[PDB]
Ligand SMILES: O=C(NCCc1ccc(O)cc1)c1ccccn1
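Encoded as structure tokens, the following chain is the form solved without the named molecule, with no partner shown.
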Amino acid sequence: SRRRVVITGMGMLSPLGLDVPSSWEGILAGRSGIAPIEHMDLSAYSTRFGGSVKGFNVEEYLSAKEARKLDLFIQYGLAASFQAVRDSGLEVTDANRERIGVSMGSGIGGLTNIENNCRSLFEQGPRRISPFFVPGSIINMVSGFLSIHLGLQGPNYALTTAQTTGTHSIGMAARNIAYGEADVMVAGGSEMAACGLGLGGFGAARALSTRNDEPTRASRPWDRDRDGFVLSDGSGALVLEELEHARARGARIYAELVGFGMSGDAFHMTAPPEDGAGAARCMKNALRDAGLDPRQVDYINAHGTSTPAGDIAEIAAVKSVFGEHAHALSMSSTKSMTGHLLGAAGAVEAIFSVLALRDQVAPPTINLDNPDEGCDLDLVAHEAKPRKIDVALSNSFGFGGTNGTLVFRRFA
């Protein structure tokens, strides 16, 4: 019968910091992590900025020997995973290693590695492709390498649901524990898509903000002057744990994961429907899964990408689901500060939602100077809002019309 799932450990690399506390301090202070990109010449590109991880030292985690084999998205996912496991206090033993698994996802995986090996193939020939190209680039190898380093023998998999990945990874990992397939899961996502192929590919779709002359103001969810998402890098990982397992070992519990929803839009390969129908179906699944009155929802960490169509679809969905209570909850987009970490977005945002519960504060939507037509909810414009938060919802939406919602609440 379905068991309860709690969060005992969290870990992160973001554009705001090299761990959770440093990232969260930036979130509550309204700081932007967005800056012109330094790692490549982007003069031929329409977008030349994004949310980079600043000062990442892989030798805090891995030998230089091993680090050289791995795409940055794997390095970031392992860094977040190691933080989360250490934060949990969990000791892996022969008695429990079969009951601990990992579901760390990515939207794109090792794009830097692919580009670099494609350059070798075209300029030199196939004999110059790295022997480590496949195991060092493909998406499941955060789950794989973490399992090898910590001896995790439980369910070992990876989701790839584009901008929904982190949310789906956490929800499905919670189902593994709920249904008895595991007692512990490390789950979340990681992404490093900031190479020519990534900025070029999103650029070709005209999906990205082109505010190159003022990057900290580019990401402006629900602002009438928004012009697309800001591409960002990093990782979130959480340790999910069966409740009685956590209680038995005296774990610190941050919050309980009470609900998870998925739905497909079945609308369009890339565009969300303007009315938010799929996001509404997804949230209602998640609230019913959590056994909640929708009026119990205090805080929503929106997907809030700063696209014209996405941001308005989310208002329409929240109004449809919550009716008059839509005017009582607080909803914010931390992408205003972090940008869009794509497959890691739902992972860092799940962590921000849990910290909103721990600290009783709604993070701000920075840059919300002129709310667009119909964007008239409490969007926590400019400044963090201390408030009562018993229930927090984290939403994600992605290419293929794929929707995820996580529902967290305080644990006593």
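For every residue, the number given is its place in the sequence shown, counted from 1.
Below, we refer to the form deposited with the named molecule bound, which is not included among the displayed structures.
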item	value
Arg86: touches the named molecule in the entry with it bound, heavy atom cutoff 4.5 angstroms	yes
Any non-hydrogen atom of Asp41 within 4.5 angstroms of the named molecule in the entry with it bound	no
In the entry with it bound, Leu90 touching the named molecule (heavy atom, 4.5 Å)	yes
Partner contact for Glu60 in the entry with it bound: the named molecule, 4.5 angstroms, heavy atom	yes
Option from 346-354, 60-68, 28-36, 372-380 whose residues, in the entry with it bound, bring a heavy atom within 4.5 Å of the named molecule	60-68
